[PDB]
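Structure file final_6.pdb (PDB, C-alpha atoms and all ligand atoms) follows.
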ATOM      1  CA  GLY B   1    -128.193-282.804  36.166
ATOM      2  CA  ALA B   2    -130.972-283.266  38.770
ATOM      3  CA  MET B   3    -132.022-286.921  39.503
ATOM      4  CA  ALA B   4    -135.674-286.152  38.457
ATOM      5  CA  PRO B   5    -135.685-282.670  36.877
ATOM      6  CA  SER B   6    -138.705-280.648  38.205
ATOM      7  CA  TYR B   7    -140.418-277.228  38.117
ATOM      8  CA  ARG B   8    -141.422-275.559  41.407
ATOM      9  CA  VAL B   9    -142.684-272.077  42.318
ATOM     10  CA  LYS B  10    -141.992-270.113  45.512
ATOM     11  CA  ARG B  11    -143.408-266.748  46.634
ATOM     12  CA  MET B  12    -140.328-265.078  48.187
ATOM     13  CA  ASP B  13    -137.318-262.835  47.443
ATOM     14  CA  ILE B  14    -135.162-264.523  44.693
ATOM     15  CA  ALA B  15    -132.089-263.032  46.575
ATOM     16  CA  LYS B  16    -132.807-265.729  49.286
ATOM     17  CA  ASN B  17    -132.967-268.659  46.771
ATOM     18  CA  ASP B  18    -131.750-272.209  47.626
ATOM     19  CA  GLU B  19    -130.470-272.970  44.082
ATOM     20  CA  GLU B  20    -126.952-273.302  42.538
ATOM     21  CA  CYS B  21    -127.376-270.116  40.392
ATOM     22  CA  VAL B  22    -129.784-267.181  39.893
ATOM     23  CA  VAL B  23    -131.254-265.450  36.826
ATOM     24  CA  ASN B  24    -131.414-261.639  37.169
ATOM     25  CA  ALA B  25    -134.250-259.772  35.396
ATOM     26  CA  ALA B  26    -131.537-257.316  34.229
ATOM     27  CA  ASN B  27    -131.570-254.030  32.295
ATOM     28  CA  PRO B  28    -129.358-253.811  29.181
ATOM     29  CA  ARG B  29    -126.850-251.412  30.855
ATOM     30  CA  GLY B  30    -125.871-253.470  33.921
ATOM     31  CA  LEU B  31    -127.352-250.771  36.246
ATOM     32  CA  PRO B  32    -128.711-251.571  39.753
ATOM     33  CA  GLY B  33    -132.304-250.932  38.528
ATOM     34  CA  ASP B  34    -135.416-251.738  40.658
ATOM     35  CA  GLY B  35    -137.494-254.776  41.722
ATOM     36  CA  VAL B  36    -135.699-258.174  41.194
ATOM     37  CA  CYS B  37    -132.646-256.364  39.661
ATOM     38  CA  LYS B  38    -132.127-254.159  42.806
ATOM     39  CA  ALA B  39    -132.465-257.203  45.183
ATOM     40  CA  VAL B  40    -129.863-259.014  43.000
ATOM     41  CA  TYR B  41    -127.556-255.908  43.080
ATOM     42  CA  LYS B  42    -127.783-255.757  46.940
ATOM     43  CA  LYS B  43    -127.017-259.518  47.276
ATOM     44  CA  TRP B  44    -124.387-260.013  44.476
ATOM     45  CA  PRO B  45    -122.999-256.514  43.575
ATOM     46  CA  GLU B  46    -119.712-258.043  42.280
ATOM     47  CA  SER B  47    -121.798-259.788  39.512
ATOM     48  CA  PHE B  48    -122.507-256.352  37.864
ATOM     49  CA  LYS B  49    -118.891-255.988  36.610
ATOM     50  CA  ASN B  50    -119.277-255.807  32.770
ATOM     51  CA  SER B  51    -122.825-257.288  32.961
ATOM     52  CA  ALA B  52    -124.278-254.948  30.219
ATOM     53  CA  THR B  53    -125.783-257.046  27.357
ATOM     54  CA  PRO B  54    -128.455-256.423  24.682
ATOM     55  CA  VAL B  55    -132.173-257.155  24.832
ATOM     56  CA  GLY B  56    -132.933-260.838  24.115
ATOM     57  CA  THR B  57    -129.538-262.067  25.537
ATOM     58  CA  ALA B  58    -128.081-263.412  28.784
ATOM     59  CA  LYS B  59    -124.602-262.767  30.204
ATOM     60  CA  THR B  60    -123.227-264.677  33.244
ATOM     61  CA  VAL B  61    -120.909-263.013  35.782
ATOM     62  CA  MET B  62    -119.579-264.910  38.840
ATOM     63  CA  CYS B  63    -119.996-263.551  42.410
ATOM     64  CA  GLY B  64    -117.273-265.659  44.061
ATOM     65  CA  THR B  65    -118.176-269.083  42.604
ATOM     66  CA  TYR B  66    -121.957-268.329  42.514
ATOM     67  CA  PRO B  67    -123.187-267.653  38.919
ATOM     68  CA  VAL B  68    -125.528-264.674  38.222
ATOM     69  CA  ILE B  69    -127.150-265.019  34.748
ATOM     70  CA  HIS B  70    -128.182-261.464  33.650
ATOM     71  CA  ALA B  71    -131.179-262.035  31.285
ATOM     72  CA  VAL B  72    -132.524-258.908  29.440
ATOM     73  CA  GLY B  73    -136.245-259.108  28.601
ATOM     74  CA  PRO B  74    -137.840-256.474  26.340
ATOM     75  CA  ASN B  75    -139.602-253.418  27.820
ATOM     76  CA  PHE B  76    -143.123-253.700  26.226
ATOM     77  CA  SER B  77    -143.404-249.866  26.632
ATOM     78  CA  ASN B  78    -140.906-249.637  23.695
ATOM     79  CA  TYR B  79    -141.314-252.866  21.657
ATOM     80  CA  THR B  80    -144.351-253.826  19.538
ATOM     81  CA  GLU B  81    -146.269-256.881  20.912
ATOM     82  CA  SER B  82    -144.789-258.920  17.988
ATOM     83  CA  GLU B  83    -141.112-257.875  18.396
ATOM     84  CA  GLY B  84    -141.319-257.954  22.226
ATOM     85  CA  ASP B  85    -142.700-261.507  22.105
ATOM     86  CA  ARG B  86    -139.708-262.584  19.890
ATOM     87  CA  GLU B  87    -137.115-260.907  22.212
ATOM     88  CA  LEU B  88    -138.789-262.398  25.360
ATOM     89  CA  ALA B  89    -138.634-265.939  23.804
ATOM     90  CA  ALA B  90    -134.962-265.282  22.844
ATOM     91  CA  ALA B  91    -133.909-264.105  26.364
ATOM     92  CA  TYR B  92    -135.162-267.450  27.836
ATOM     93  CA  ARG B  93    -133.373-269.520  25.110
ATOM     94  CA  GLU B  94    -130.063-267.734  26.064
ATOM     95  CA  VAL B  95    -130.785-268.544  29.795
ATOM     96  CA  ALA B  96    -131.170-272.276  28.889
ATOM     97  CA  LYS B  97    -127.739-272.185  27.063
ATOM     98  CA  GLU B  98    -126.033-270.559  30.119
ATOM     99  CA  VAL B  99    -127.648-272.971  32.662
ATOM    100  CA  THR B 100    -126.442-275.871  30.447
ATOM    101  CA  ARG B 101    -122.885-274.440  30.015
ATOM    102  CA  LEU B 102    -122.497-273.861  33.822
ATOM    103  CA  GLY B 103    -123.359-277.535  34.619
ATOM    104  CA  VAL B 104    -125.602-276.502  37.588
ATOM    105  CA  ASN B 105    -128.208-278.950  38.970
ATOM    106  CA  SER B 106    -130.647-276.120  39.855
ATOM    107  CA  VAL B 107    -131.517-272.484  38.914
ATOM    108  CA  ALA B 108    -133.734-269.739  40.515
ATOM    109  CA  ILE B 109    -135.631-267.786  37.769
ATOM    110  CA  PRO B 110    -138.053-264.816  37.775
ATOM    111  CA  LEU B 111    -140.749-264.261  35.084
ATOM    112  CA  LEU B 112    -139.011-261.862  32.626
ATOM    113  CA  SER B 113    -140.905-258.746  31.387
ATOM    114  CA  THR B 114    -143.829-259.175  33.940
ATOM    115  CA  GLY B 115    -143.027-256.135  36.201
ATOM    116  CA  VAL B 116    -141.964-252.604  35.081
ATOM    117  CA  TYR B 117    -141.124-254.018  31.550
ATOM    118  CA  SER B 118    -144.744-255.394  31.168
ATOM    119  CA  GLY B 119    -146.097-252.213  29.447
ATOM    120  CA  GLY B 120    -148.970-252.369  32.017
ATOM    121  CA  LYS B 121    -150.298-255.813  30.825
ATOM    122  CA  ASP B 122    -150.536-259.172  32.680
ATOM    123  CA  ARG B 123    -147.905-261.346  30.927
ATOM    124  CA  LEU B 124    -147.827-264.296  33.433
ATOM    125  CA  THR B 125    -148.910-266.889  30.778
ATOM    126  CA  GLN B 126    -146.826-265.356  27.934
ATOM    127  CA  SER B 127    -143.594-265.179  30.002
ATOM    128  CA  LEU B 128    -144.105-268.603  31.758
ATOM    129  CA  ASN B 129    -144.790-270.369  28.381
ATOM    130  CA  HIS B 130    -141.533-268.923  26.931
ATOM    131  CA  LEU B 131    -139.715-270.057  30.144
ATOM    132  CA  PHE B 132    -141.053-273.641  29.603
ATOM    133  CA  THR B 133    -140.186-273.677  25.833
ATOM    134  CA  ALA B 134    -136.523-272.848  26.734
ATOM    135  CA  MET B 135    -136.034-274.850  29.965
ATOM    136  CA  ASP B 136    -137.981-278.055  29.054
ATOM    137  CA  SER B 137    -134.886-279.563  27.289
ATOM    138  CA  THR B 138    -132.573-278.759  30.294
ATOM    139  CA  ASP B 139    -132.139-281.174  33.252
ATOM    140  CA  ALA B 140    -131.680-278.517  35.992
ATOM    141  CA  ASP B 141    -134.297-278.267  38.796
ATOM    142  CA  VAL B 142    -136.083-274.944  37.966
ATOM    143  CA  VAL B 143    -137.526-272.878  40.832
ATOM    144  CA  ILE B 144    -139.622-269.864  39.723
ATOM    145  CA  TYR B 145    -139.743-266.919  42.216
ATOM    146  CA  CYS B 146    -142.813-264.573  42.342
ATOM    147  CA  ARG B 147    -144.112-261.799  44.732
ATOM    148  CA  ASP B 148    -147.950-262.056  44.386
ATOM    149  CA  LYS B 149    -150.116-264.797  46.080
ATOM    150  CA  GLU B 150    -152.509-264.991  43.080
ATOM    151  CA  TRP B 151    -149.488-265.425  40.691
ATOM    152  CA  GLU B 152    -148.117-268.263  42.944
ATOM    153  CA  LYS B 153    -151.485-270.142  42.571
ATOM    154  CA  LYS B 154    -151.599-269.579  38.732
ATOM    155  CA  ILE B 155    -147.931-270.633  38.249
ATOM    156  CA  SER B 156    -148.434-273.720  40.505
ATOM    157  CA  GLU B 157    -151.602-274.673  38.506
ATOM    158  CA  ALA B 158    -149.749-274.273  35.128
ATOM    159  CA  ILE B 159    -146.883-276.529  36.365
ATOM    160  CA  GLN B 160    -149.314-279.231  37.711
ATOM    161  CA  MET B 161    -151.383-279.185  34.429
ATOM    162  CA  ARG B 162    -148.401-280.570  32.377
ATOM    163  CA  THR B 163    -147.915-283.301  35.112
TER     164      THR B 163
HETATM  165  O1  LIG B 201    -143.185-260.419  51.134
HETATM  166  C1  LIG B 201    -142.932-261.570  50.340
HETATM  167  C2  LIG B 201    -141.969-261.299  49.211
HETATM  168  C3  LIG B 201    -142.029-262.039  48.034
HETATM  169  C4  LIG B 201    -141.157-261.786  46.986
HETATM  170  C5  LIG B 201    -140.195-260.792  47.090
HETATM  171  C6  LIG B 201    -140.112-260.049  48.258
HETATM  172  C7  LIG B 201    -140.999-260.300  49.308
HETATM  173  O2  LIG B 201    -140.955-259.577  50.470
HETATM  174  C8  LIG B 201    -140.158-258.382  50.407
HETATM  175  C9  LIG B 201    -138.888-258.628  49.685
HETATM  176  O3  LIG B 201    -139.135-259.090  48.348
HETATM  177  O1  LIG B 202    -141.007-256.696  43.469
HETATM  178  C1  LIG B 202    -140.378-257.620  42.604
HETATM  179  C2  LIG B 202    -139.324-258.425  43.325
HETATM  180  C3  LIG B 202    -138.344-257.798  44.090
HETATM  181  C4  LIG B 202    -137.349-258.533  44.719
HETATM  182  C5  LIG B 202    -137.305-259.913  44.590
HETATM  183  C6  LIG B 202    -138.278-260.558  43.840
HETATM  184  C7  LIG B 202    -139.284-259.816  43.218
HETATM  185  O2  LIG B 202    -140.266-260.415  42.471
HETATM  186  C8  LIG B 202    -140.049-261.798  42.137
HETATM  187  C9  LIG B 202    -139.427-262.540  43.277
HETATM  188  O3  LIG B 202    -138.203-261.923  43.715
HETATM  189 CL    CL B 203    -139.082-263.085  51.265
HETATM  190 CL    CL B 204    -139.790-256.698  34.474
HETATM  191 CL    CL B 205    -145.377-261.737  41.005
END
Would you mind writing the file out in C-alpha cells?
Amino acid sequence: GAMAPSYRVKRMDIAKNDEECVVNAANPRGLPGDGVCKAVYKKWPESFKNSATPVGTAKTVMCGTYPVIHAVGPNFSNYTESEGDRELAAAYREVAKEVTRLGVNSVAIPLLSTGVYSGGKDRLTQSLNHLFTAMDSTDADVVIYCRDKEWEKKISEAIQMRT
C-alpha cells in the first residue's frame, strides 16, 4: 500500500501515467475503440489479448509486467439512467477488487462513461462519486486523468472538499 493513500488529478494522456497500473475505459469486445481506449491500445496493444468482458466488469491483462485493468462502463445511449447508474457503480467496484488483488501501490484511472458512453450528458459528479465509493477502502495512490481544463478544476475541488 501507499504510505499515506491519496487522490490526485492530472490533465494529460493516461498513456503517459506515472503509476504502477492503468485502468482502460474499455468496450465490452476488447476492440481498439476511440478516446482513452485507443491511446491505451497504442501504448499496450499486448494487453488486448482476450480482454473482452461484460458491462459492469473489469478484466486485467498484463503487458509485460505492467497491468492493464479493462473496465467496461455502460453506454448511456443504450441503458436507462437507473440501470446505467447501477452498471457504472459496479464497474468501479470490480476495479477496486483488481487493484487490491494486484498489490499495486498506485493506479491511473479515467472517469468511466463520461465521453462517448455519456449519452450526451455531463456525468463528472456521477462517475467521480462512484469512483470514490469503490476506491475509498483501497490503499493505492489514485491518480485521475482528464482532458478538459474545467474538469481538472472540478475534480481537484471535489477531492479537496473531502480533505
Ligand atoms: O492536450 C492535453 C491532453 C490531455 C489529455 C489527453 C490528451 C491530451 O493531449 C493529446 C493527447 O491526449
Ligand atoms: O479524449 C479522451 C482521452 C484520450 C486519450 C487519453 C485520455 C483521454 O481522456 C482522459 C485522459 O486520457
Ligand atoms: Cl498529454
Ligand atoms: Cl466513455
Ligand atoms: Cl475530461
Nearest to residue B:135, chosen from B:89, B:116, B:62, B:25, with only C-alpha atoms counted in the distances: B:89
Residue B:97 environment, 12 Å, all atoms listed in the file, sequence neighbours closer than 2 positions dropped, as a list in words: residues 57, 58, 59, 60, 69, 71, 90, 91, 92, 93, 94, 95, 99, 100, 101, 102, 103, 104, 134, 135, 136, 137, 138, 139 and 140 of chain B
Nearby residues, ligand CL 203 (chain B), 10 Å, only C-alpha atoms and all ligand atoms, as a VMD selection string: chain B and resid 10 to 17 145 to 147
Exercise: residues within 10 Å of coordinate (-127.1, -250.4, 35.1), counting all atoms listed in the file, as a PyMOL selection string: chain B and resi 26-33+37-38+41+48+50-52
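For the pair atom CA of residue B:65 and atom CA of residue B:88, the separation is 27.7 Å.
Put simply, atom CA of residue B:8 is 20.8 Å away from atom CA of residue B:70.
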Output of the PyMOL selection byres (((not hetatm)) within 6 of (chain B and resi 204)), listed as a ChimeraX atom specification: /B:112-117
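In this structure, atom CA of residue B:151 sits 15.2 Å away from atom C8 of ligand LIG 201 (chain B).
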Nearby residues (all atoms listed in the file) at most 7 Å from residue B:40, same-chain spacing under 4 positions excluded, as a PyMOL selection string: chain B and resi 15+24+36+44
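Candidate residues B:149, B:123, B:42, B:130 were compared for distance to ligand LIG 201 (chain B), and the nearest is B:149, using only C-alpha atoms and all ligand atoms.
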Can you tell me, as lines of an AutoDock Vina configuration file, the centre and edge lengths (Å, one decimal) of the axis-aligned box enclosing all of ligand LIG 201 (chain B)'s listed atoms after padding each side by 5 Å?
center_x = -141.0
center_y = -260.2
center_z = 49.1
size_x = 14.3
size_y = 13.7
size_z = 14.1
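Residues matched by the PyMOL selection byres (((chain B and resi 155) around 9) and not hetatm) in this file: residues 8, 9, 124, 125, 128, 144, 146, 150, 151, 152, 153, 154, 156, 157, 158, 159 and 160 of chain B.
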Which of B:80, B:131, B:109, B:142 sits closest to ligand LIG 202 (chain B) [using all atoms listed in the file]: B:109
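Between ligand LIG 201 (chain B) and the candidates B:127, B:39, B:1, B:108, the tightest atom-to-atom separation, counting only C-alpha atoms and all ligand atoms, involves B:39.
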Kindly add N, CA, C and O atoms to the incomplete stretch 21-43 of chain B and provide the output as a compact mmCIF listing (two decimals), in the coordinates of the input.
# COMPACT_ATOMS: atom_id res chain seq x y z
N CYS B 21 -127.57 -271.36 41.16
CA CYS B 21 -127.38 -270.12 40.39
C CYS B 21 -128.70 -269.36 40.31
O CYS B 21 -129.75 -269.94 40.62
N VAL B 22 -128.62 -268.08 39.96
CA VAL B 22 -129.78 -267.18 39.89
C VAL B 22 -129.84 -266.53 38.52
O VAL B 22 -128.77 -266.21 37.95
N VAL B 23 -131.04 -266.31 38.03
CA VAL B 23 -131.25 -265.45 36.83
C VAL B 23 -131.73 -264.09 37.32
O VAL B 23 -132.73 -264.02 38.06
N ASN B 24 -131.04 -263.05 36.90
CA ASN B 24 -131.41 -261.64 37.17
C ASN B 24 -132.32 -261.18 36.03
O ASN B 24 -131.99 -261.41 34.83
N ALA B 25 -133.44 -260.53 36.37
CA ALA B 25 -134.25 -259.77 35.40
C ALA B 25 -133.56 -258.42 35.16
O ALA B 25 -133.95 -257.41 35.83
N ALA B 26 -132.50 -258.43 34.37
CA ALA B 26 -131.54 -257.32 34.23
C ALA B 26 -132.06 -256.23 33.27
O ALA B 26 -132.92 -256.51 32.41
N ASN B 27 -131.44 -255.06 33.35
CA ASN B 27 -131.57 -254.03 32.30
C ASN B 27 -130.38 -254.16 31.38
O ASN B 27 -129.38 -254.80 31.75
N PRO B 28 -130.45 -253.62 30.14
CA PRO B 28 -129.36 -253.81 29.18
C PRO B 28 -128.02 -253.17 29.57
O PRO B 28 -127.02 -253.46 28.93
N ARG B 29 -128.04 -252.23 30.51
CA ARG B 29 -126.85 -251.41 30.86
C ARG B 29 -126.13 -251.90 32.08
O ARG B 29 -125.11 -251.29 32.42
N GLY B 30 -126.56 -253.00 32.70
CA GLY B 30 -125.87 -253.47 33.92
C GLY B 30 -126.01 -252.50 35.07
O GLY B 30 -125.08 -252.45 35.90
N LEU B 31 -127.13 -251.75 35.15
CA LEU B 31 -127.35 -250.77 36.25
C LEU B 31 -128.10 -251.46 37.37
O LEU B 31 -128.79 -252.46 37.13
N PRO B 32 -128.00 -250.96 38.63
CA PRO B 32 -128.71 -251.57 39.75
C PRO B 32 -130.22 -251.71 39.56
O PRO B 32 -130.79 -252.72 40.01
N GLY B 33 -130.88 -250.77 38.88
CA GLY B 33 -132.30 -250.93 38.53
C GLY B 33 -133.25 -250.94 39.72
O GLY B 33 -132.87 -250.37 40.79
N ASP B 34 -134.42 -251.56 39.57
CA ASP B 34 -135.42 -251.74 40.66
C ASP B 34 -135.98 -253.16 40.66
O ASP B 34 -135.64 -253.96 39.76
N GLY B 35 -136.81 -253.47 41.65
CA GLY B 35 -137.49 -254.78 41.72
C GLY B 35 -136.48 -255.91 41.88
O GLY B 35 -135.59 -255.76 42.71
N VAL B 36 -136.64 -257.01 41.14
CA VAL B 36 -135.70 -258.17 41.19
C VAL B 36 -134.26 -257.66 41.00
O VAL B 36 -133.36 -258.04 41.78
N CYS B 37 -134.02 -256.80 40.02
CA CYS B 37 -132.65 -256.36 39.66
C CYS B 37 -131.98 -255.68 40.87
O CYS B 37 -130.75 -255.91 41.10
N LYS B 38 -132.71 -254.87 41.64
CA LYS B 38 -132.13 -254.16 42.81
C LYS B 38 -131.81 -255.17 43.93
O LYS B 38 -130.74 -255.00 44.57
N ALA B 39 -132.68 -256.16 44.15
CA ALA B 39 -132.46 -257.20 45.18
C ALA B 39 -131.19 -257.96 44.82
O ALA B 39 -130.38 -258.29 45.72
N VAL B 40 -131.03 -258.25 43.52
CA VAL B 40 -129.86 -259.01 43.00
C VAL B 40 -128.61 -258.14 43.17
O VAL B 40 -127.59 -258.64 43.59
N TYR B 41 -128.70 -256.82 42.92
CA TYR B 41 -127.56 -255.91 43.08
C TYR B 41 -127.10 -255.84 44.54
O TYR B 41 -125.88 -255.78 44.80
N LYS B 42 -128.05 -255.80 45.48
CA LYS B 42 -127.78 -255.76 46.94
C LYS B 42 -127.07 -257.05 47.37
O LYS B 42 -126.08 -256.97 48.13
N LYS B 43 -127.51 -258.19 46.84
CA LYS B 43 -127.02 -259.52 47.28
C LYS B 43 -125.69 -259.88 46.61
O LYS B 43 -124.82 -260.48 47.30
